[PDB]
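What follows is one chain in structure tokens, specifically the form deposited in one PDB entry.
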């Protein structure tokens, strides 16, 4: 097996599409710091421990996301589910890239399209804050999401053409610009994964340095804006009534698992190609810290831009922009237009966005391919044809999201395909590793790898804290489910049913695989359970009947 070298003090999981695209609007939806508090809370007790656990497991088992369950086959279906979940996000992650690519084609012009009105895609209700005599902002200002801004009009009508679709029931025909963009994206992804997984300097060298510089420049220019004070005050304000709710915690947990890459198989695949003596402890600590800092500064800049647009458009910060997946493509272009030499900064920004998106998609596809090739070794000899199959099936399923109303399907996937299912997957993983496999054996493996055992804090998190919190958030997501909306359009009940069915398609993979393993094994019921709970490399112990999982000392070991 090959070993990846090209690894700075902080892995690439710190800066990704989740922190630059998902975290902004996920935080803007849940007020201000009222989303930051649960974010850091689930990061210190759930996110970082599960990150460390997945990294250590991938480094010790030297296997993919699915095969690492050779120590406990009854949870191997979990290794499938997360992979499918990864594929799920691949249905809309590549589309986002396409969006940036389109913005790239809009960045080479001397006059940015999102600067003013008067274009073909713009509607008659287009309010230019810079110069507009017909602007009656002082009046007829509906208390709702302001879509009559040049950036929002260019996003929904020029890029997505949402005005040609009434809802999810009538998506229409896929836009040909987005079609060609997605084709280019999947071609680039195929030409980067077919000949094995190389260092891929093209995207790594960028994502290592350029996103930090771009975020720094954006924050420095935003704090100097006239409306920065209101946005800063809104971002630093703590709304305890939102903490009293339940959706904020679910969103924080989902954003944690998105930014840290836990629950998709990317961490396991990454650790499988690392050195056996690599210290995942310091790596996980630095990754979590830098990811938290990056999310904090990204939300700070986002709220600064929101306050600026609120001061310019004379609208409330709550209703100045949207709360969907296209919030950054409306806020950041407006801030770039204010920058001197908007063309160069826009080009650099959308080039950064493309690099982060391609990096995330490449990591996800590599995780999926590694899992399915470790499960079926034949795919290791046909990686090119296999890579084509994944990228092509992905294109056929990403066509729904590039349609005239594909943003609704994208939101449906981001809310149901990822969410309330990844939490269950990571919960089952933690239960299988700490309780079924044993937290003591995991600590012994970590000691064999790095030379030292984790502290009691990590053990209590892997065994008690994180599983309990995951079960709690899963229960509170199931009992307190809320209807999905694009902040102006309420999804129909059958759309929610389809989303729940898509989530169950990955959730039920664990009991189905349990039943399959129970029926595929030969012997008594107790012998089948022993075969399903003992490692595949120690099945001879089942012949000796010395199964530690059938002893109370195993379950009472911390």
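Throughout, rigid core stands for the largest set of C-alpha atoms superposing within 1.5 Å between the two forms. Residues that one form lacks are left out of the comparison. Numbering follows the first chain given and starts at 1.
Beyond the structure shown, there is the form deposited in another entry, which is absent from this document and is the topic of what follows.
Novice: Which residue, 236, 385, 220, 132, is displaced 2 Å or more at the Cα between this form and the one not shown after superposing the core?
Specialist: The displaced C-alpha is that of 132.
Novice: Residue 12: with the rigid core matched between this form and the one not shown, does its Cα shift 2 Å or more?
Specialist: It does shift by 2 Å or more.
Novice: Closer or farther: the CA pair residue 308/residue 132 in that other deposited form, versus this form, with a change of 3 Å or more?
Specialist: Result: closer.
Novice: Between residue 140 and residue 491, does the Cα distance in that other deposited form come out closer or farther than in this form, changing by 3 Å or more?
Specialist: Result: farther.
Novice: Could you identify the runs between this form and the one not shown where three or more consecutive residues, present in both forms, all have C-alpha shifts of 2 Å or more after superposing the core?
Specialist: The runs that move are 7 to 9, 11 to 13, 130 to 140.
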